[PDB]
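Summary of the model geometry
Residue strings, one per chain:
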Amino acid sequence: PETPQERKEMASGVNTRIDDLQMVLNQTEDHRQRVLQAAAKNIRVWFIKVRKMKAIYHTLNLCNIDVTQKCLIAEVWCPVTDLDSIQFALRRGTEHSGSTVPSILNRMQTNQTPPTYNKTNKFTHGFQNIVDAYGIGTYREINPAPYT
Amino acid sequence: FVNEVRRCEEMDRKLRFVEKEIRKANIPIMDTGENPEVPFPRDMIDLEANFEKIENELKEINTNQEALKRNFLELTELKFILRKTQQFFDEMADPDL
Amino acid sequence: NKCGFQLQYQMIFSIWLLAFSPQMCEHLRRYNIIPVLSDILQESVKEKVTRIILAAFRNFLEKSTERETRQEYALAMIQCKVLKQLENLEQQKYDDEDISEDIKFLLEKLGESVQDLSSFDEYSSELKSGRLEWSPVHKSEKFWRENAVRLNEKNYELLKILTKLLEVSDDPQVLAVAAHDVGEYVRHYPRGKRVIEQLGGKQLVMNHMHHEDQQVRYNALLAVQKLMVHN
């Protein structure tokens, strides 16, 4: 300012506005706190859900599609002992789909080589990794892990 | 389904941005360990709305906070200068103005 | 009662058959079909179900007798958030031009309906009647950017209505809407900051930020934030 009344005008204009802006800053920061707490309470489940949906869509993109048949075609490797449980998972999926007419799980004569699986446990994981470090054993050859 | 994959990546970007802001903030992330299998019905749209709104409001408040901070600090300094100016005139107050 | 998939599909098929005609379309509005089918179109994802709801909506908008009648149906749909799921289905693709045409028709007509709702005359009518209840014009930025000056007509009659409601309103919805509209007026007519100062909207929103309702506080805080952005 240049004059006493100008000085008083500016002084009042800033004295109201500073308190107003501090008030809004503090309340909006409290709003940040509330909404960010609400987000953090659930983000992990949100992360898991979005990642699961991503995985589901990506794996679905491996099937053959309406270009071949309106129903999808897929192919899987599985341990034999769990065929019943896999069919039960298929049953669960169809139940969630709500269709009366059911799905089907099919065996077939195969030319591709089976993978190797070991049903590792907490104690033997390190040793199984140690023997895997030099090449995984062929289907059903003796595992050096239990002796190592 | 790659389009749905792209939508999931947009969702993951939203969530990771919010997670980074949470890390920058002091509030903890909870580690409850809930592991549901996501259903088929379009919960995706509800979750997209929720993530979009959460991240959008976070962005808007974050941006507005800086401007309010700047203006408040400017007005504080102006108040201080206005205070000291009269002391600088403190000699003899005969004139009406 | 949420019957099975086939029963739902057949019942919406019935609705589509009825909607093929103007008179029955006009008289069966009383059952508020649109919201229930809006939720069902997301829950009952089955393509037959989705297609038949979209076809029923298309028939409704086709055979509604008046422009106003089609506008009630479209306004109900937008209030029930049909348009966003129409966008999502547009992102999606299906194996016939029929679903494509249904989606495109509903999309274009929803766009036209929101454009009609965005009329500044209808905004004036809503303000005059006090129906500050989140009509799409309120969140249509296109209306605001162009018409924010027009609120100054009749010696700022619309702004006076808004500011008067910002002290008279006990209704949370009306009060929050008025606060948000003051914020938008600030956002889209920069010269109006002195006008709102003169009308007291500045102080009214600064007070309603402390309102007892979370939504009123939220909107008032938004508006006051937009207010203090500049010296």
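Rules used in this analysis
- Residues numbered from 1 in each chain as written, not as in the entry; some residues may be left out.
- Chains lettered and ligands numbered in written order.
- Part of a larger assembly, values for the part shown.
- Heavy atoms only, no water.
- Residues with missing side-chain atoms left out of burial classes, pairs and counts.
- Helix = DSSP H or I, 4+ residues; strand = E, 2+ residues; numbered from the N terminus.
- Rg over C-alpha atoms; globule rule 2.2 N^0.38 Å.
- Contact = heavy atoms within 4.5 Å.
- Nonpolar A, V, L, I, M, F, W, Y, C, P; charged D, E, K, R; others polar.
- Axes fitted to C-alpha atoms, helices over the stretch in contact; angles between N-to-C directions.
- Parallel < 35°, antiparallel > 145°, perpendicular 65-115°, else oblique.
- Left-handed = near helix turned anticlockwise from the far one by under 90°.

- Listed as the method for this PDB entry is cryo-EM; the listed resolution is 3.6 Å.

**Describing the overall build of chain A**
- On a plain count of helices and strands, chain A comes out with 4 helices and 0 strands.
- Ordered by position from the N terminus, the helices and strands of chain A form the series α-α-α-α.
- Taken over C-alpha atoms, the radius of gyration comes to 32 Å for chain A, far larger than the 15 Å a tight globule of 148 residues would show.
- Overall, the C-alpha framework of chain A stretches about 100 × 50 × 25 Å when taken along its three principal axes.

**What about the overall build of chain B?**
- Scanning chain B from N- to C-terminus turns up 2 helices and 0 strands.
- For 97 residues, the compact-globule formula gives about 13 Å, and the C-alpha radius of gyration of chain B, at 26 Å, lies well above that figure.
- The C-alpha extent of chain B, read off along each of the three principal axes, is 85 × 30 × 15 Å.

**Notes on the interface of chain A and chain B**
- On the side of chain B, 9 residues touch chain A, which itself brings 9 residues to the contact.
- When residues of the side of chain A that touches chain B are traced back to their parent elements, those giving at least two are α1 (4-40) and α2 (43-60) of chain A.
- Top contributing element to the side of chain A that touches chain B by residue count: α2 of chain A, with 5 residues.
- A breakdown of the residues in the side of chain A that touches chain B according to their chemical character gives 5 nonpolar, no polar and 4 charged.

**Some thoughts on the arrangement of the chains**
- Most contacts, among the 2 pairs of chains that meet, fall between chains A and B.
- Taking C-alpha atoms only, the smallest gap left between chain A and chain C, which are not in contact, amounts to 7 Å.

**So, unusual backbone geometry**
All names here are of chain C.
- The phi dihedral of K2 falls on the positive side, at around 65 degrees, and the residue is not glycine.
- With respect to the element layout, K2 can be found in the segment before α1 (5-19).
- The phi dihedral of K81 is positive, around 70 degrees, even though this residue is not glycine.
- By the element assignment, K81 lies in the loop between α5 (67-79) and α6 (82-91).

**A closer look at the packing of helix α11 (residues 172-188) of chain C against helix α14 (residues 214-227) of chain C**
All names here are of chain C.
- Contact geometry of α11 with α14 gives a least axis separation of 8 Å together with a crossing angle of 15 degrees. Classified by the angle their axes make, α11 and α14 are roughly parallel. Along this stretch, α11 crosses α14, giving a crossing that reads as left-handed. Contact with α11, carried on its side by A176, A179, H180 and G183, involves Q215, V216, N219, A220, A223 and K226 of α14 and no other residues of that element.
- Considering only residue class, the contact of α11 with α14 consists of 5 nonpolar, 4 polar and 1 charged.

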